[PDB]
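Residue-level structure breakdown
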There are 2 protein chains.
Amino acid sequence: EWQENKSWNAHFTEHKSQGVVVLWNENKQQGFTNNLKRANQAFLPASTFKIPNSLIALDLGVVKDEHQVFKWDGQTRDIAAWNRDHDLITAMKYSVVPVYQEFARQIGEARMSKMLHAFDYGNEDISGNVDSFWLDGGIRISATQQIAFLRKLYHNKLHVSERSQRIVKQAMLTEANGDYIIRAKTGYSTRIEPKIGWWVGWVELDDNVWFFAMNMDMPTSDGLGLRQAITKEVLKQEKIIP
Amino acid sequence: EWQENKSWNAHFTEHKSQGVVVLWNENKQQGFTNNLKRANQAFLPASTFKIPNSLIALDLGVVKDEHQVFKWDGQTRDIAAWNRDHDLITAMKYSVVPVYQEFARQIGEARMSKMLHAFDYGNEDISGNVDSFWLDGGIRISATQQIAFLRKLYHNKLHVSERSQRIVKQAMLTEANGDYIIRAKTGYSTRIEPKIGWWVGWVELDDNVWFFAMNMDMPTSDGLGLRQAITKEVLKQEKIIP
Ligand SMILES: [Cl-]
(Lines give C-alpha, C1' and ligand atoms only; values in the text may rest on other atoms or scores of the structure.)
Protein backbone atom coordinates (compact mmCIF):
# COMPACT_ATOMS: atom_id res chain seq x y z
CA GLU A 1 0.00 0.00 0.00
CA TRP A 2 1.25 3.47 -0.96
CA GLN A 3 0.21 6.82 0.49
CA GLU A 4 1.24 10.23 -0.83
CA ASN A 5 2.39 12.77 1.80
CA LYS A 6 2.81 16.03 -0.10
CA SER A 7 3.79 17.92 3.08
CA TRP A 8 7.39 16.76 2.50
CA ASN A 9 7.55 19.12 -0.48
CA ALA A 10 8.22 21.89 2.06
CA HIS A 11 11.66 20.38 2.66
CA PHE A 12 12.44 20.49 -1.06
CA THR A 13 11.00 23.97 -1.57
CA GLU A 14 12.81 25.46 1.43
CA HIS A 15 16.09 24.15 -0.04
CA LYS A 16 15.45 25.59 -3.52
CA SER A 17 15.23 22.01 -4.81
CA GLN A 18 12.90 19.47 -6.38
CA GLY A 19 12.85 15.71 -5.97
CA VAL A 20 11.21 12.69 -4.36
CA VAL A 21 11.62 10.88 -1.03
CA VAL A 22 10.22 7.35 -0.63
CA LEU A 23 9.97 5.61 2.75
CA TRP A 24 8.97 2.04 3.65
CA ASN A 25 7.91 0.85 7.11
CA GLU A 26 9.10 -2.77 7.25
CA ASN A 27 6.96 -3.70 10.27
CA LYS A 28 3.81 -2.25 8.70
CA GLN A 29 4.79 -3.09 5.11
CA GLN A 30 3.54 0.32 4.02
CA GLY A 31 5.19 2.94 1.80
CA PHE A 32 5.08 6.74 1.83
CA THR A 33 6.24 9.37 -0.65
CA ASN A 34 5.66 12.99 -1.64
CA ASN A 35 5.41 12.24 -5.39
CA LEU A 36 3.98 8.95 -6.66
CA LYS A 37 4.93 9.73 -10.26
CA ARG A 38 8.56 10.67 -9.64
CA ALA A 39 8.88 7.83 -7.13
CA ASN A 40 8.31 5.45 -10.07
CA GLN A 41 10.28 7.54 -12.56
CA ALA A 42 13.29 5.71 -13.98
CA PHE A 43 16.76 7.26 -13.73
CA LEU A 44 20.37 6.25 -14.17
CA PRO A 45 21.57 4.65 -10.89
CA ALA A 46 25.02 6.27 -10.99
CA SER A 47 27.10 5.31 -7.93
CA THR A 48 24.12 3.61 -6.26
CA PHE A 49 24.95 0.81 -8.70
CA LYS A 50 28.03 0.13 -6.55
CA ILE A 51 25.75 -1.95 -4.30
CA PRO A 52 24.82 -4.59 -6.90
CA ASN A 53 28.27 -4.24 -8.47
CA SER A 54 29.91 -5.09 -5.14
CA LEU A 55 27.63 -8.10 -4.62
CA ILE A 56 28.46 -9.60 -8.02
CA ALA A 57 32.17 -8.83 -7.72
CA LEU A 58 32.37 -10.46 -4.28
CA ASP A 59 30.41 -13.58 -5.23
CA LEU A 60 32.50 -14.16 -8.38
CA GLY A 61 35.74 -13.79 -6.40
CA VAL A 62 36.73 -10.64 -8.29
CA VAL A 63 36.90 -9.14 -4.79
CA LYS A 64 38.37 -11.46 -2.17
CA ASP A 65 37.18 -9.54 0.91
CA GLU A 66 36.48 -6.02 2.17
CA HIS A 67 40.19 -5.38 2.87
CA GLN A 68 41.73 -6.43 -0.46
CA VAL A 69 43.67 -3.39 -1.66
CA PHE A 70 43.03 -2.16 -5.21
CA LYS A 71 46.09 -0.11 -6.17
CA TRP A 72 45.84 3.33 -7.73
CA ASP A 73 46.44 3.18 -11.48
CA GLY A 74 48.62 6.30 -11.28
CA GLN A 75 46.24 8.50 -13.28
CA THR A 76 45.44 11.77 -11.54
CA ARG A 77 41.71 12.50 -11.57
CA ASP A 78 39.68 15.50 -10.47
CA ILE A 79 38.49 13.87 -7.23
CA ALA A 80 41.61 13.83 -5.05
CA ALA A 81 40.23 11.00 -2.91
CA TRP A 82 40.35 8.72 -5.97
CA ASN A 83 44.12 9.20 -6.41
CA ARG A 84 45.15 6.58 -3.84
CA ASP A 85 44.81 2.93 -2.91
CA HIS A 86 41.40 1.71 -1.78
CA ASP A 87 39.67 -1.35 -0.41
CA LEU A 88 35.98 -2.13 -0.67
CA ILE A 89 35.09 -0.10 2.43
CA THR A 90 36.85 3.07 1.32
CA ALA A 91 35.91 2.58 -2.34
CA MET A 92 32.26 2.76 -1.31
CA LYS A 93 32.83 5.59 1.17
CA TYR A 94 34.44 7.83 -1.46
CA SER A 95 32.43 6.49 -4.43
CA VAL A 96 35.64 5.65 -6.29
CA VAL A 97 34.35 5.05 -9.82
CA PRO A 98 37.68 3.84 -11.32
CA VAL A 99 37.93 0.92 -8.88
CA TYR A 100 34.42 -0.24 -9.76
CA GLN A 101 35.08 0.24 -13.46
CA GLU A 102 37.87 -2.32 -13.03
CA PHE A 103 35.39 -4.60 -11.25
CA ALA A 104 32.95 -4.32 -14.15
CA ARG A 105 35.58 -5.17 -16.77
CA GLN A 106 36.69 -8.27 -14.87
CA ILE A 107 33.08 -9.32 -14.35
CA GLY A 108 32.40 -8.93 -18.08
CA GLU A 109 29.16 -7.92 -19.80
CA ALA A 110 27.85 -11.48 -20.05
CA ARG A 111 27.99 -12.20 -16.32
CA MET A 112 27.02 -8.63 -15.44
CA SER A 113 23.85 -8.85 -17.51
CA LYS A 114 22.79 -12.33 -16.40
CA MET A 115 23.44 -11.79 -12.68
CA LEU A 116 21.63 -8.43 -12.66
CA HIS A 117 18.59 -10.29 -13.96
CA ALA A 118 18.74 -12.39 -10.79
CA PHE A 119 18.39 -9.18 -8.75
CA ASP A 120 15.33 -7.94 -10.71
CA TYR A 121 17.25 -4.66 -10.91
CA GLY A 122 15.42 -1.91 -12.78
CA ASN A 123 15.05 -2.49 -16.50
CA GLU A 124 17.90 -5.05 -16.38
CA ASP A 125 19.56 -3.33 -19.37
CA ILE A 126 23.35 -2.91 -19.30
CA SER A 127 23.67 -1.74 -22.92
CA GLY A 128 26.66 0.57 -23.30
CA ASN A 129 30.25 0.39 -22.13
CA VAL A 130 30.62 -2.44 -19.63
CA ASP A 131 32.62 -0.05 -17.39
CA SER A 132 30.26 2.94 -17.66
CA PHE A 133 26.70 1.75 -18.41
CA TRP A 134 25.47 2.79 -14.96
CA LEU A 135 26.65 6.33 -15.78
CA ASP A 136 25.80 6.81 -19.47
CA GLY A 137 24.30 3.46 -20.54
CA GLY A 138 20.84 1.96 -20.77
CA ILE A 139 20.28 0.85 -17.18
CA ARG A 140 17.41 2.59 -15.38
CA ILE A 141 15.84 2.18 -11.94
CA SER A 142 13.26 4.02 -9.84
CA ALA A 143 13.21 4.98 -6.16
CA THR A 144 10.55 2.38 -5.35
CA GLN A 145 12.59 -0.24 -7.22
CA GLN A 146 15.61 0.71 -5.12
CA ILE A 147 13.50 0.04 -2.01
CA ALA A 148 12.48 -3.40 -3.26
CA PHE A 149 16.09 -4.23 -4.11
CA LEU A 150 17.33 -2.96 -0.73
CA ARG A 151 14.76 -4.98 1.22
CA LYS A 152 16.05 -8.17 -0.40
CA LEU A 153 19.61 -7.22 0.54
CA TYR A 154 18.66 -6.45 4.14
CA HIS A 155 16.98 -9.86 4.45
CA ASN A 156 19.83 -11.71 2.66
CA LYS A 157 17.29 -12.85 0.04
CA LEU A 158 19.27 -11.82 -3.04
CA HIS A 159 20.58 -14.74 -5.06
CA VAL A 160 24.17 -14.37 -3.88
CA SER A 161 25.95 -15.69 -0.80
CA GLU A 162 25.06 -14.40 2.64
CA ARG A 163 28.72 -13.43 3.12
CA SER A 164 28.71 -11.14 0.09
CA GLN A 165 25.49 -9.49 1.25
CA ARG A 166 26.92 -9.01 4.76
CA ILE A 167 30.14 -7.46 3.41
CA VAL A 168 28.21 -5.01 1.24
CA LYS A 169 25.92 -4.06 4.12
CA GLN A 170 29.06 -3.42 6.16
CA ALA A 171 30.51 -1.31 3.33
CA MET A 172 27.24 0.66 3.20
CA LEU A 173 27.65 1.77 6.83
CA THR A 174 27.28 5.56 6.82
CA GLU A 175 26.26 6.69 10.32
CA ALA A 176 25.57 5.07 13.68
CA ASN A 177 24.71 6.30 17.17
CA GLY A 178 22.61 5.30 20.17
CA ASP A 179 19.42 6.23 18.28
CA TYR A 180 19.79 4.68 14.82
CA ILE A 181 22.07 3.11 12.22
CA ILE A 182 22.11 4.25 8.59
CA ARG A 183 23.34 1.99 5.80
CA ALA A 184 23.09 3.79 2.46
CA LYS A 185 24.84 4.82 -0.74
CA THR A 186 24.92 8.14 -2.57
CA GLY A 187 24.62 8.61 -6.31
CA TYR A 188 25.31 11.46 -8.71
CA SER A 189 24.28 11.17 -12.37
CA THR A 190 25.85 13.90 -14.52
CA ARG A 191 26.61 12.36 -17.93
CA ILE A 192 23.02 12.36 -19.25
CA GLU A 193 20.34 14.96 -18.57
CA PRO A 194 18.60 15.47 -16.25
CA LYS A 195 21.45 15.59 -13.73
CA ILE A 196 20.30 14.09 -10.43
CA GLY A 197 21.60 12.93 -7.07
CA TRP A 198 20.64 9.74 -5.22
CA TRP A 199 20.56 8.55 -1.65
CA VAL A 200 19.22 5.05 -1.02
CA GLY A 201 19.44 2.83 2.04
CA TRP A 202 17.66 2.26 5.33
CA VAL A 203 17.60 3.36 8.96
CA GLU A 204 17.88 0.60 11.57
CA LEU A 205 16.00 1.22 14.83
CA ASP A 206 15.64 -0.98 17.91
CA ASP A 207 12.23 -2.33 16.86
CA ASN A 208 11.88 -1.45 13.16
CA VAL A 209 13.67 -0.65 9.91
CA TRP A 210 12.84 2.27 7.61
CA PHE A 211 14.00 1.81 4.03
CA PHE A 212 14.42 4.99 2.01
CA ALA A 213 15.21 6.04 -1.55
CA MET A 214 15.37 9.65 -2.73
CA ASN A 215 16.49 11.42 -5.87
CA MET A 216 16.56 15.12 -6.67
CA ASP A 217 17.52 17.43 -9.51
CA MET A 218 21.22 18.33 -9.22
CA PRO A 219 22.07 21.11 -11.70
CA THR A 220 25.30 21.86 -9.81
CA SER A 221 27.51 19.99 -7.36
CA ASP A 222 26.86 22.72 -4.76
CA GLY A 223 23.69 20.97 -3.58
CA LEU A 224 25.01 17.43 -3.15
CA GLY A 225 24.68 17.67 0.64
CA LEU A 226 20.93 18.17 0.19
CA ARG A 227 20.59 14.49 -0.72
CA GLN A 228 21.21 13.59 2.93
CA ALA A 229 19.92 16.83 4.46
CA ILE A 230 16.45 16.68 2.89
CA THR A 231 16.13 12.98 3.72
CA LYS A 232 16.96 13.57 7.38
CA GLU A 233 14.38 16.36 7.49
CA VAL A 234 11.69 13.95 6.34
CA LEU A 235 12.94 11.36 8.83
CA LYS A 236 12.84 13.94 11.63
CA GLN A 237 9.36 15.10 10.60
CA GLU A 238 8.11 11.50 10.82
CA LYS A 239 9.86 11.05 14.19
CA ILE A 240 11.97 8.21 12.79
CA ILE A 241 15.15 9.91 14.06
CA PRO A 242 15.47 12.55 16.79
CA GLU B 1 56.83 -3.08 21.75
CA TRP B 2 55.09 -1.17 24.55
CA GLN B 3 55.48 2.47 25.60
CA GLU B 4 54.13 4.07 28.77
CA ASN B 5 52.46 7.48 28.55
CA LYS B 6 51.98 8.75 32.11
CA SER B 7 50.49 12.01 30.81
CA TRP B 8 47.18 10.20 30.26
CA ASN B 9 46.76 9.86 34.04
CA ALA B 10 45.64 13.50 33.94
CA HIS B 11 42.39 12.29 32.38
CA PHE B 12 41.79 9.91 35.29
CA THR B 13 42.87 12.25 38.09
CA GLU B 14 40.93 15.23 36.76
CA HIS B 15 37.82 13.03 36.91
CA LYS B 16 38.60 11.91 40.48
CA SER B 17 39.12 8.41 39.09
CA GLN B 18 41.79 5.75 38.52
CA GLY B 19 42.19 3.28 35.68
CA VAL B 20 44.13 2.24 32.60
CA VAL B 21 43.81 2.94 28.88
CA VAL B 22 45.57 0.60 26.45
CA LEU B 23 45.83 1.38 22.74
CA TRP B 24 47.27 -0.71 19.92
CA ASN B 25 48.36 0.69 16.55
CA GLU B 26 47.65 -2.20 14.17
CA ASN B 27 49.63 -0.89 11.19
CA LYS B 28 52.68 -0.13 13.33
CA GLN B 29 52.20 -3.12 15.70
CA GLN B 30 52.82 -0.87 18.71
CA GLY B 31 50.99 -0.58 22.02
CA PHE B 32 50.52 2.41 24.30
CA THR B 33 49.24 2.73 27.86
CA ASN B 34 49.33 5.01 30.88
CA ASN B 35 50.08 2.20 33.35
CA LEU B 36 51.97 -0.89 32.20
CA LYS B 37 51.25 -2.60 35.52
CA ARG B 38 47.46 -2.22 35.43
CA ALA B 39 47.35 -2.89 31.68
CA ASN B 40 48.28 -6.49 32.57
CA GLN B 41 46.11 -6.65 35.70
CA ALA B 42 43.34 -9.22 35.33
CA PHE B 43 39.72 -8.42 36.24
CA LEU B 44 36.31 -9.97 35.82
CA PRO B 45 35.17 -9.30 32.22
CA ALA B 46 31.54 -8.52 33.16
CA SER B 47 29.43 -7.60 30.09
CA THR B 48 32.49 -7.54 27.83
CA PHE B 49 32.14 -11.33 27.99
CA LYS B 50 29.07 -10.88 25.80
CA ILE B 51 31.49 -10.74 22.85
CA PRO B 52 32.87 -14.30 23.23
CA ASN B 53 29.49 -15.46 24.52
CA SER B 54 27.84 -14.20 21.32
CA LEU B 55 30.47 -15.92 19.18
CA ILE B 56 29.96 -19.26 20.94
CA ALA B 57 26.16 -19.09 20.85
CA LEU B 58 26.15 -18.20 17.15
CA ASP B 59 28.69 -20.85 16.16
CA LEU B 60 26.86 -23.60 18.06
CA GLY B 61 23.49 -22.55 16.62
CA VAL B 62 22.14 -21.45 20.01
CA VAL B 63 21.39 -18.18 18.19
CA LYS B 64 20.11 -18.47 14.62
CA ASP B 65 20.95 -14.92 13.51
CA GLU B 66 21.15 -11.34 14.76
CA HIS B 67 17.37 -10.80 14.51
CA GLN B 68 16.10 -13.94 16.26
CA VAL B 69 13.83 -12.56 18.98
CA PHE B 70 14.54 -13.60 22.57
CA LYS B 71 11.27 -13.20 24.46
CA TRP B 72 11.21 -11.53 27.85
CA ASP B 73 10.97 -14.12 30.62
CA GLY B 74 8.23 -12.04 32.27
CA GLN B 75 10.30 -11.13 35.35
CA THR B 76 10.53 -7.38 35.99
CA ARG B 77 14.08 -6.16 36.70
CA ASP B 78 15.65 -2.88 37.80
CA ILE B 79 16.93 -2.00 34.31
CA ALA B 80 13.76 -1.16 32.40
CA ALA B 81 15.45 -1.82 29.05
CA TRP B 82 15.78 -5.49 30.04
CA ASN B 83 12.00 -5.92 30.53
CA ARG B 84 11.25 -6.47 26.85
CA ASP B 85 12.00 -8.68 23.88
CA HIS B 86 15.50 -8.41 22.43
CA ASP B 87 17.58 -9.69 19.55
CA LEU B 88 21.36 -10.00 19.43
CA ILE B 89 21.76 -6.38 18.32
CA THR B 90 19.64 -4.94 21.12
CA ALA B 91 20.83 -7.51 23.65
CA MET B 92 24.37 -6.20 23.12
CA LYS B 93 23.33 -2.54 22.96
CA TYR B 94 21.55 -2.70 26.33
CA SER B 95 23.81 -5.34 27.95
CA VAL B 96 20.82 -7.57 28.66
CA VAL B 97 22.46 -9.97 31.11
CA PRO B 98 19.46 -12.35 31.48
CA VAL B 99 19.32 -13.07 27.74
CA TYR B 100 23.00 -13.99 27.77
CA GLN B 101 22.58 -16.09 30.91
CA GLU B 102 20.18 -18.28 28.94
CA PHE B 103 22.75 -18.53 26.15
CA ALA B 104 25.34 -19.73 28.66
CA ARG B 105 23.01 -22.39 30.06
CA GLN B 106 22.30 -23.68 26.55
CA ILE B 107 26.00 -23.60 25.58
CA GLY B 108 26.87 -25.76 28.57
CA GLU B 109 29.98 -25.80 30.73
CA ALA B 110 31.95 -28.25 28.57
CA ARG B 111 31.45 -26.38 25.30
CA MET B 112 31.96 -23.03 27.05
CA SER B 113 35.26 -24.20 28.54
CA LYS B 114 36.52 -25.64 25.25
CA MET B 115 35.67 -22.53 23.24
CA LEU B 116 37.37 -20.15 25.65
CA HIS B 117 40.54 -22.26 25.58
CA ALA B 118 40.43 -22.13 21.77
CA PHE B 119 40.07 -18.34 22.06
CA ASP B 120 43.00 -18.11 24.49
CA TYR B 121 40.61 -15.92 26.48
CA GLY B 122 42.08 -14.67 29.75
CA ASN B 123 42.81 -17.38 32.31
CA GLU B 124 40.28 -19.74 30.63
CA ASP B 125 38.68 -20.53 34.02
CA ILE B 126 34.88 -20.78 33.98
CA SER B 127 34.47 -22.11 37.54
CA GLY B 128 31.22 -20.92 39.13
CA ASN B 129 27.67 -20.71 37.90
CA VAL B 130 27.69 -21.42 34.17
CA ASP B 131 25.20 -18.55 33.85
CA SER B 132 27.19 -16.01 35.90
CA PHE B 133 30.90 -16.95 35.97
CA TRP B 134 31.80 -13.82 33.98
CA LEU B 135 30.25 -11.80 36.85
CA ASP B 136 31.18 -13.66 40.06
CA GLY B 137 33.16 -16.68 38.84
CA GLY B 138 36.82 -17.47 38.30
CA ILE B 139 37.45 -16.13 34.78
CA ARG B 140 39.82 -13.15 34.62
CA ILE B 141 41.22 -11.05 31.77
CA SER B 142 43.48 -8.02 31.44
CA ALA B 143 43.27 -4.99 29.16
CA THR B 144 46.16 -6.25 27.02
CA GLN B 145 44.48 -9.66 26.78
CA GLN B 146 41.26 -8.00 25.62
CA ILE B 147 43.23 -6.36 22.79
CA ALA B 148 44.81 -9.64 21.70
CA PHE B 149 41.40 -11.33 21.66
CA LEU B 150 39.78 -8.43 19.79
CA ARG B 151 42.53 -8.45 17.16
CA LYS B 152 41.75 -12.10 16.41
CA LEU B 153 38.06 -11.22 16.08
CA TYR B 154 38.81 -8.32 13.75
CA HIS B 155 40.90 -10.56 11.47
CA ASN B 156 38.42 -13.48 11.54
CA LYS B 157 41.23 -15.57 13.07
CA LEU B 158 39.21 -16.98 15.98
CA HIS B 159 38.27 -20.66 15.90
CA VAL B 160 34.65 -20.05 14.92
CA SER B 161 32.95 -19.55 11.57
CA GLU B 162 33.66 -16.36 9.65
CA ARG B 163 29.91 -15.72 9.74
CA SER B 164 29.85 -15.83 13.55
CA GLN B 165 32.67 -13.28 13.78
CA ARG B 166 31.03 -10.96 11.24
CA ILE B 167 27.67 -11.00 13.05
CA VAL B 168 29.25 -10.18 16.41
CA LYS B 169 31.30 -7.34 14.94
CA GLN B 170 28.03 -6.04 13.51
CA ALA B 171 26.43 -6.39 16.94
CA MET B 172 29.39 -4.49 18.43
CA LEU B 173 28.68 -1.39 16.31
CA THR B 174 28.56 1.56 18.71
CA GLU B 175 29.26 4.72 16.70
CA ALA B 176 29.94 5.60 13.07
CA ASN B 177 30.44 8.81 11.12
CA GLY B 178 32.50 10.18 8.24
CA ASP B 179 35.64 10.10 10.40
CA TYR B 180 35.62 6.76 12.24
CA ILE B 181 33.70 3.65 13.21
CA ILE B 182 33.73 2.27 16.76
CA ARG B 183 32.91 -1.36 17.50
CA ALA B 184 33.04 -1.99 21.24
CA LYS B 185 31.32 -3.37 24.32
CA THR B 186 31.03 -1.82 27.77
CA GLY B 187 31.35 -3.70 31.04
CA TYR B 188 30.43 -3.09 34.67
CA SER B 189 31.61 -5.55 37.33
CA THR B 190 29.82 -5.07 40.66
CA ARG B 191 29.35 -8.52 42.24
CA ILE B 192 32.97 -8.84 43.42
CA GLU B 193 35.28 -6.10 44.65
CA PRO B 194 36.85 -4.00 43.20
CA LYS B 195 33.94 -2.57 41.21
CA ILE B 196 35.17 -1.49 37.77
CA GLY B 197 33.88 -0.44 34.38
CA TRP B 198 35.14 -1.69 31.02
CA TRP B 199 35.26 -0.44 27.47
CA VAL B 200 36.95 -2.64 24.87
CA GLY B 201 36.90 -2.44 21.08
CA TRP B 202 38.64 -0.63 18.25
CA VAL B 203 38.48 2.48 16.06
CA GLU B 204 38.33 1.89 12.30
CA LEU B 205 39.98 4.61 10.21
CA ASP B 206 40.45 4.84 6.44
CA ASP B 207 44.03 3.54 6.58
CA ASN B 208 44.48 2.05 10.07
CA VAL B 209 42.77 0.40 13.03
CA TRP B 210 43.24 1.42 16.68
CA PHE B 211 42.32 -1.29 19.17
CA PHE B 212 41.58 -0.15 22.71
CA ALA B 213 40.83 -1.68 26.09
CA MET B 214 40.18 0.37 29.23
CA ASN B 215 39.04 -0.32 32.76
CA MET B 216 38.63 2.02 35.72
CA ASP B 217 37.48 1.92 39.33
CA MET B 218 33.69 2.30 39.52
CA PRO B 219 32.68 2.70 43.18
CA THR B 220 29.36 4.21 42.06
CA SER B 221 27.42 4.19 38.80
CA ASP B 222 27.86 7.98 38.59
CA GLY B 223 31.02 7.54 36.53
CA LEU B 224 29.91 4.96 33.98
CA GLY B 225 29.99 7.59 31.24
CA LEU B 226 33.68 8.12 31.98
CA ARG B 227 34.40 4.73 30.38
CA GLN B 228 33.72 6.23 26.96
CA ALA B 229 34.57 9.84 27.84
CA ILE B 230 38.07 9.09 29.15
CA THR B 231 38.76 6.74 26.24
CA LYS B 232 37.60 9.25 23.63
CA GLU B 233 39.71 11.83 25.48
CA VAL B 234 42.96 9.86 25.09
CA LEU B 235 42.08 9.21 21.45
CA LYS B 236 41.65 12.97 21.00
CA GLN B 237 45.01 13.73 22.64
CA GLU B 238 46.73 11.20 20.36
CA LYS B 239 45.13 12.69 17.20
CA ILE B 240 43.33 9.41 16.46
CA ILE B 241 39.90 11.10 16.28
CA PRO B 242 38.91 14.79 15.98
CL1 LIG C 1 28.37 -3.06 10.41
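Our subject in this report is the structure included herewith. (Residues numbered from 1 in each chain as written, not as in the entry; some residues may be left out. Chains lettered and ligands numbered in written order. Heavy atoms only, no water. Residues with missing side-chain atoms left out of burial classes, pairs and counts.)

In this assembly, 22 residues from chain B lie in contact with 22 residues from chain A. Roughly 1800 Å² is buried in total at the junction of chain B and chain A, and carbon and sulfur atoms are behind 39% of that figure. Contact with chain A buries surface across chain B, with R166(B), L173(B) and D206(B) losing the most and accounting together for 30% of the total. Taken together, the links from chain B to chain A amount to 6 salt bridges. With a closest N to O distance of 2.8 Å, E162(A) and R163(B) form a salt bridge. Put simply, the parts of the chain that give the side of chain B that touches chain A at least two residues each are α4 (88-93), α9 (162-171), β6 (173-176) and β7 (181-189) of chain B. At 5 residues, α9(B) tops the list of elements feeding residues into the side of chain B that touches chain A. A per-class count over the side of chain B that touches chain A returns 6 nonpolar, 6 polar and 10 charged. (Contact = heavy atoms within 4.5 Å. Buried area = accessible area lost by both parts, 1.4 Å probe. Salt bridge = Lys/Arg side-chain N within 4 Å of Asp/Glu carboxyl O. Helix = DSSP H or I, 4+ residues; strand = E, 2+ residues; numbered from the N terminus. Nonpolar A, V, L, I, M, F, W, Y, C, P; charged D, E, K, R; others polar.)

Here the focus is the side chain of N34(B). Residues and elements named next belong to chain B. Within the fold, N34 resides in the loop between β3 (30-33) and α2 (36-39). Of note is the side chain of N34, whose polar atom sits 2.7 Å from the side chain of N9. At 2.8 Å, the side chain of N34 and the backbone nitrogen of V21 are in polar contact. (Polar contact = N/O pair within 3.5 Å; in protein donor to acceptor, adjacent residues only side chain to side chain.)

Before going further, it helps to examine the pairing of strand β7 (residues 209-217) of chain A. All names here are of chain A. Where burial is concerned, most of β7 is hidden: 8 out of the 9 residues are buried. Sheet analysis places strand β2 (residues 19-25) next to β7, joined by 7 bridges and oriented antiparallel. Within β7, the position partnered with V21 by the bridge is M214. Relative to β7, strand β6 (residues 196-204) runs antiparallel, the two sharing 9 bridges. If you follow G201 over to β7, its bridge partner there is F212. Between the end of β6 and the start of β7, which pair antiparallel, lie 4 residues. (Buried < 20%, exposed > 50% of the residue type's maximum accessible area, 1.4 Å probe, protein only. Pairing = 2+ DSSP bridges.)

A full pass over the atoms with the stated rule returns 30 aromatic pairs over all chains. Aromatic pair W202(B) and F211(B): ring centres 5.4 Å apart, planes at 55°, arrangement tilted. Among the residues examined, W202(B) registers a relative accessible area of 0% and is labelled buried. Using a relative accessible area of 0% as the deciding quantity, one classes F211(B) as buried. Taken together, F49(A), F119(A), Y121(A), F133(A), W134(A) and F149(A) form an aromatic cluster joined through their ring pairs. The positively charged end of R84(A) is found above the aromatic ring belonging to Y94(A), 5.0 Å away from the centroid. A cation sits over an aromatic face here: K169(B) above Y154(B), 5.9 Å from the ring centre. (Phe/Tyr/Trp six-rings, centres within 6.5 Å; stacked < 30°, edge-to-face > 60°. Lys NZ or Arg CZ within 6 Å of the ring centre and 35° of its normal.)

Right, let's talk about the pattern of salt bridges for a bit. All names here are of chain A. For the structure on display, the rule yields 33 salt bridges over all chains. In this structure, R77 and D73 form a salt bridge, with 2.8 Å as the shortest nitrogen-oxygen distance. The class of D73 is partly exposed, set by a relative accessible area of 46%. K152 is paired through a salt bridge with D120; the nearest N and O atoms lie 3.4 Å apart. On the criterion of sequence distance, the pair formed by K152 in helix α8 (residues 143-154) and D120 in the loop between α6 (109-119) and α7 (133-136) is long-range, its members being 32 residues apart. Given a relative accessible area of 25%, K152 falls into the partly exposed group.

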